[PDB]
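Taking the deposited numbering, I'd label the letters of the sequence shown as residues 6 to 171, 177 to 282.
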Amino acid sequence: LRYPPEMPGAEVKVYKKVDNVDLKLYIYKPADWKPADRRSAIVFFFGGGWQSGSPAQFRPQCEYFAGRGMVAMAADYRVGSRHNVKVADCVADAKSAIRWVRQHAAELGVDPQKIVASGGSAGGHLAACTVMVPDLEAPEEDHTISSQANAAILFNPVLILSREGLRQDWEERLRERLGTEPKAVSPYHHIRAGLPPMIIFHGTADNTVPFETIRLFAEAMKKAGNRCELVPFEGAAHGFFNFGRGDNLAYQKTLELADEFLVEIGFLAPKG
Ligand SMILES: [Cl-]
Numbered sequence: 006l007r008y009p010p011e012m013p014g015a016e017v018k019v020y021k022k023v024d025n026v027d028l029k030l031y032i033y034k035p036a037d038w039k040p041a042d043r044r045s046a047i048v049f050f051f052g053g054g055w056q057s058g059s060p061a062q063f064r065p066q067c068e069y070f071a072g073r074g075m076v077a078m079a080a081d082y083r084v085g086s087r088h089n090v091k092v093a094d095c096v097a098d099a100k101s102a103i104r105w106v107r108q109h110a111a112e113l114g115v116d117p118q119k120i121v122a123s124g125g126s127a128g129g130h131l132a133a134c135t136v137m138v139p140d141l142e143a144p145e146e147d148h149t150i151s152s153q154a155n156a157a158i159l160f161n162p163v164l165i166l167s168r169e170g171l177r178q179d180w181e182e183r184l185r186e187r188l189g190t191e192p193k194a195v196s197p198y199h200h201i202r203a204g205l206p207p208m209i210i211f212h213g214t215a216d217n218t219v220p221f222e223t224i225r226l227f228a229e230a231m232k233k234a235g236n237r238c239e240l241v242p243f244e245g246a247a248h249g250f251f252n253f254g255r256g257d258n259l260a261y262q263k264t265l266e267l268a269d270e271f272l273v274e275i276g277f278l279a280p281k282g
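Quick look at the structure:
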């Protein structure tokens, strides 16, 4: 995972300038893309503990979805190792990415109500925040344009960041680590009716993010009346879905299931 990545075949757009860094989108268009198209879009956020990682992680998935007619992109965002930020800054960057795609939907050939947020682990957390967590800051961007994604596809996300409703000192410690009140960046704590649809892929033998946290999330989302499809991968570990692991079997399966989810919600045309 090189940073910055090459991302061969990607067009590069700076979606945000902040702390003297240009944050980029690596954009993959379908071969028949034309101006004035209104395609569904997907924005992928890499994983890495909000500390490290690279948009290269989701290059294969971007190529797949561009092949299916989406405008597919991988977003850079600030991380601890490179930028000395905390989780709340990462969340602001992810929201800025969705905002930017919506703002620029016309020139991207994109339907601004068919923008999917996606990511792995910490990036799956970010994608979830774009669907369901209120904005915590108003950066220098179009405030009239919503940051909220229209759907999410999450690969073993972190979804519970506060222990409330499940130690005042631990919540104080988390406040310092996250850059805000832990509940304010905890998707689980913002479960309500009327949220965008999503699909989640999670291994049952995940020792980083316990499967039980995701089962609790999905159960509560379903009780609130939301479409929240949880696909367990029996015995699979954290990062199982990545391109280049386990003969690409879980990679291919998550794409197949994600594709069908996007068909189900009317963001993709059926194959053939
Ligand atoms: Cl694991």
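Don't be surprised by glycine CBs; every beta carbon is placed ideally from N, CA and C.
Nearest candidate by alpha-carbon position, reference residue i, set the options
i, options, result
"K91", "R185, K281, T264, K232", "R185"
"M231", "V241, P207, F251", "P207"
"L6", "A99, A156, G58", "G58"
"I150", "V26, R43, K100", "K100"
"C134", "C238, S196, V76, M75", "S196"
"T214", "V136, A41, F250, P280", "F250"
"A15", "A71, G53, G54", "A71"
"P117", "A46, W38, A203", "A46"
"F49", "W55, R104, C67", "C67"
"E112", "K281, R44, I210, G170", "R44"
"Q153", "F160, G235, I120", "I120"
"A132", "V106, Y261, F51, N236", "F51"
"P40", "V115, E169, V17", "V115"
"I201", "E229, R183, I210", "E229"
"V106", "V96, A77, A93, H130", "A77"
"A156", "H248, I210, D179", "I210"
"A79", "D179, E274, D42, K34", "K34"
"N236", "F253, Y261, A246, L205", "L205"
"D94", "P13, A194, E11, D37", "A194"
"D42", "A110, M12, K18, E244", "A110"
"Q108", "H148, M137, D140, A97", "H148"
"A247", "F271, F253, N217", "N217"
Cβ-heavy atom distance, residue i to ligand 1, below 8 angstroms
i, result
"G213", "yes"
"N252", "no"
"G128", "no"
"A260", "no"
"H248", "yes"
"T218", "yes"
Helix, strand or coil at residue i according to DSSP, with G and I counted as helix
i, result
"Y82", "coil"
"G129", "helix"
"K39", "coil"
"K119", "strand"
"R44", "strand"
"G53", "coil"
"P197", "helix"
"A61", "helix"
"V163", "coil"
"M208", "strand"
"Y8", "coil"
"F227", "helix"
"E146", "coil"
"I158", "strand"
"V136", "helix"
"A215", "coil"
"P192", "helix"
"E244", "coil"
"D24", "coil"
"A99", "helix"
"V17", "strand"
"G124", "strand"
"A71", "helix"
"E181", "helix"
"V273", "helix"
"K91", "coil"
"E239", "strand"
"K263", "helix"
"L171", "coil"
"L113", "helix"
"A268", "helix"
Cβ separation of residue i and residue j, assumed to be a contact under 8 angstroms, to the nearest whole Å
i, j, result
"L265", "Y31", "No, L265 and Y31 are not in contact; Cβ-Cβ is about 18 angstroms, not under 8 angstroms."
"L240", "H199", "Between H199 and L240 the Cβ distance is about 18 angstroms, and since that is not below 8 angstroms, they are no contact."
"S126", "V219", "7 angstroms"
"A268", "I103", "Not a contact, Cβ separation roughly 18 angstroms."
"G74", "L278", "7 angstroms"
>> Any contact between the segment 221–232 and the segment 151–165? By contact I mean 3 or more CB pairs, one from each, below 8 angstroms.
In response: yes
> Is the segment 58–65 touching the segment 185–197 in the sense that three or more CB pairs, one from each, lie closer than 8 angstroms?
Replying inline: no
>> Taking contact to mean 3 or more Cβ pairs, one atom from each stretch, closer than 8 angstroms, check whether the segment 137–146 and the segment 80–89 are in contact.
In response: no
> Any chance the segment 17–35 sits against the segment 257–272, with 3 or more Cβ pairs inside 8 angstroms?
Replying inline: no
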